[PDB]
Amino acid sequence: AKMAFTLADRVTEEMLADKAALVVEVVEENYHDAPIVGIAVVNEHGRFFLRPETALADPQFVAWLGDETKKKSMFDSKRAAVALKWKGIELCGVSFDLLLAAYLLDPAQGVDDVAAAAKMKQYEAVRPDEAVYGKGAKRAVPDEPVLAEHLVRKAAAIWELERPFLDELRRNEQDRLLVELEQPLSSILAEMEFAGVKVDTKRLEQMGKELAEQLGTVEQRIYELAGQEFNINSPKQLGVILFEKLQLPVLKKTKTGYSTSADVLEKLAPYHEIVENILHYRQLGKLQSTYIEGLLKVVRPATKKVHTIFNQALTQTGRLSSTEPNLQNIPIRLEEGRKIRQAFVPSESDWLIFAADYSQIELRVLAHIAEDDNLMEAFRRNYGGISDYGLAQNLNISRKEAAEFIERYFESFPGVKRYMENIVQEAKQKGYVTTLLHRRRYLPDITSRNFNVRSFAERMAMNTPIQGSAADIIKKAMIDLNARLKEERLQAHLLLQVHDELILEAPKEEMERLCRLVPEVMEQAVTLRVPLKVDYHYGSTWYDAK
DNA sequence: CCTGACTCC
DNA sequence: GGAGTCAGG
């Protein structure tokens, strides 16, 4: 463990080379408006650590950061890019992201620091972040020399690992997936996250006031029906009320006790009316805790904006996730919760929200992959590896009739049946399944002798190519869309992606254009054997974009 | 801290 | 099938 570097006091010309590994260290998990604690640069000329107060106020270093012809290899470049946006600095020229490279090679490793990526190539001259910063309340930036060494070691690791990772991606036919899709998408997501979405806090607070009143009412009604006060938000206490006091049938247990899941409670409605009230209560309580209170807590008060983080290197299928706040699970199915969307508004006066969604993209993808004539034919003119049991439990119908449904289904769509058979056999033979744009998921459990383990892996084999291909497509569509927006000099920009949906805001005068541009681009992102279809709506709030 | 509840795709 | 957050414990 011997590695020389310069702890620099000022920026020098040799630090500004046209190819470098760059570390812009942000220690907080949520990098919005978070401190940059240190910088490291490794390039042909040497290894350098820079204090951010120095480097970020240096016009030549800022210039270098923003120069796209000066190429940087990084790890989680979006964290750096956004943290620098909050410092009013533009980051360009990112040509390699070790995080996204590691993610494509194997999503299951859950790589989230340089040390874990390095482990994939047996590179061990770098420590884990957790080792250096510590955890929980003990989390702290160490003394400068210890910090400096770590940052330089991380940059040095990125320097040496770039070619080995690129080499393996290319052997996997995933190099273009990294360079032409994930990496450009990363810059787009950074834009969306920094832009944020404006919230109508006056409206959200008034909703919370009315909701608190309504919860109280429902709560007292439940106690009345139960004959006793108890904590409705405790499945344990609730279980005692339902299955001991009221002596309702026990339909399901889990490892900790009686199940009070929504499915179960719905099936108990013919026994006691309290179960319908309880389901209602738990819905309203989630609205209050999460979409009123939890959302207000993360609103930046001066701008009334919320800034999510789209985790690009987390899910096993290639989807994004959204955290702090999650803006990909805002209520829509019940009118009571859907009204939450009235609180999401345009960031400027006389702008509107525009929302466009793919219709049944996973079913069109299945049609394409399976080349099922009947299914493809229908699309030119169901989501349930569900079993007869799950289907019956889902539809609250006869398990015998459920079995007949699934049977009839594969009779009618023999291409889909063939596909399900073939993809499982392929997974067993190769050890992984792949998506349309060459995303991979490894399934080492697929030949387990244990029924449950094997079966879960077989269902992943069936679903991942479908769900992950749909992810591939919308990602490409975002890249295509952004470009067309910039070409036409539109002010419209993306705010959110919700898996098979894109949400934008824009001057009212641009709706007409977007109504043609967004759907076309999204539909023409890839050519399948069936058409892609997109629906679109716009309005004064997200609610009204329906 | 995990579990089980609600939320979305 | 894929996700995140919350209260309770």
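Below, each value reflects all heavy atoms present in this structure, side chains not excepted, and no hydrogens, waters or symmetry copies. Quick note on labels: first sequence line is chain A, next is B, and so on, each numbered from 1.
Set against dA5(B), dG9(C), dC8(B), the side chain of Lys236(A) has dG9(C) as its closest nucleotide. Counting only heavy atoms from C-beta on, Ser289(A) has its side chain closest to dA7(C) among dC8(B), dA7(C), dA3(C). Of the candidates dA5(B), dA7(C), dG2(C), the closest approach to any side-chain atom of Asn233(A) belongs to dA7(C). Between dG2(C), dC6(C), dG9(C), one nucleotide has an atom nearer to the side chain of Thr290(A) than all others, and that is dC6(C).
Side-chain nitrogen and oxygen atoms of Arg319(A) include none within less than 4.0 Å of the OP1 or OP2 phosphate oxygen of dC8(B). Close to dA5(B), at under 4.0 Å from its OP1 or OP2, lies no side-chain N or O of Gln283(A). When the side-chain nitrogen and oxygen atoms of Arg333(A) are compared with OP1 and OP2 of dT7(B), none of them lie within a distance under 4.0 Å. Within the structure, every side-chain polar atom (N or O) of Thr315(A) is placed at least 4.0 Å from both OP1 and OP2 of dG2(C).
Heavy-atom distances under 4.0 Å link DNA chain C to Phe456(A), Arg459(A), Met460(A), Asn463(A) of residues 443-464 of chain A, given in residue order. Within residues 243-270 of chain A, no residue places a heavy atom under 4.0 Å from DNA chain C.
When heavy atoms are screened at a 4.0 angstrom cut-off, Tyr383(A) is found touching no nucleic acid atom at all. Note on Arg338(A): nothing from the nucleic acid sits closer than 4.0 angstrom, heavy atoms only. Residue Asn231(A) is classed as a sugar-phosphate contact, given heavy-atom separations below 4.0 Å to backbone atoms only. Looking at heavy-atom distances under 4.0 Å, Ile386(A) makes no contact with the nucleic acid at all. Residue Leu279(A) is classed as a sugar-phosphate contact, given heavy-atom separations below 4.0 Å to backbone atoms only.
Partners of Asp535(A) according to the side chain to side chain donor-acceptor pair (under 3.5 Å) rule, which considers only residues two or more places apart in sequence or in another chain, do not exist here. Applying the side chain to side chain donor-acceptor pair (under 3.5 Å) criterion to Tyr281(A), with sequence neighbours excluded, gives no partner residue. The salt bridge (charged side-chain N to carboxylate O under 4.0 Å, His left out) check on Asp372(A) picks up nothing, with sequence neighbours excluded.
Atom CD1 in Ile361(A) sits about 18 Å away from atom P in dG2(C), given to the nearest Å. Rounded to a whole Å, the OH atom of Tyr291(A) is 6 Å from the P atom of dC8(B). Rounded to whole Å, the distance from CD on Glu362(A) to P on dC8(B) is 17 Å. In this structure, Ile292(A) atom CD1 and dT7(B) atom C1' are separated by 13 Å, rounded to whole Å. As a whole-Å value, the separation of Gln288(A) CD from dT7(B) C1' is 16 Å. The nearest whole Å value for the distance from the CD atom in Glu324(A) to the P atom in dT7(B) is 22 Å. Between the CG atom of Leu215(A) and the P atom of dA5(B) there is a distance of 18 Å, given to the nearest Å. Look at CG on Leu295(A): it is 15 Å from P on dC8(B), rounded to the nearest Å.
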Audit row: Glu193(A), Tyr31(A), side chain to side chain donor-acceptor pair (under 3.5 Å) steps and yes/no: CA-CA 10 Å; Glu193(A) 294 175 359; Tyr31(A) 48 74; 2.6 Å; yes

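When each of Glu219(A), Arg221(A), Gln220(A) is checked for a side-chain hydrogen bond (donor to acceptor under 3.5 Å, both in side chains) with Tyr223(A), only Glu219(A) meets the rule. The residue from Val498(A), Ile309(A), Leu314(A), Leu189(A) that alone fulfils the side chain to side chain contact (heavy atoms under 4.5 Å, CB included) condition with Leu320(A) is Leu189(A).
Aromatic ring orientation, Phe354(A) versus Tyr538(A): parallel (interplanar angle below 30°, classes split at 30° and 60°).
The OG1 atom of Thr303(A) lies 8.0 Å from the NZ atom of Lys198(A); values are rounded to the nearest 0.5 Å.
Residue pairs that meet the side chain to side chain donor-acceptor pair (under 3.5 Å) test with at least one member in residues 404-432 of chain A, sequence neighbours left out, are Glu426(A)-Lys430(A).
Taking the ring axis of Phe344(A) as reference, the NZ or CZ atom of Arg341(A) does not stay both within 45° of it and closer than 6.0 Å to the ring centre.
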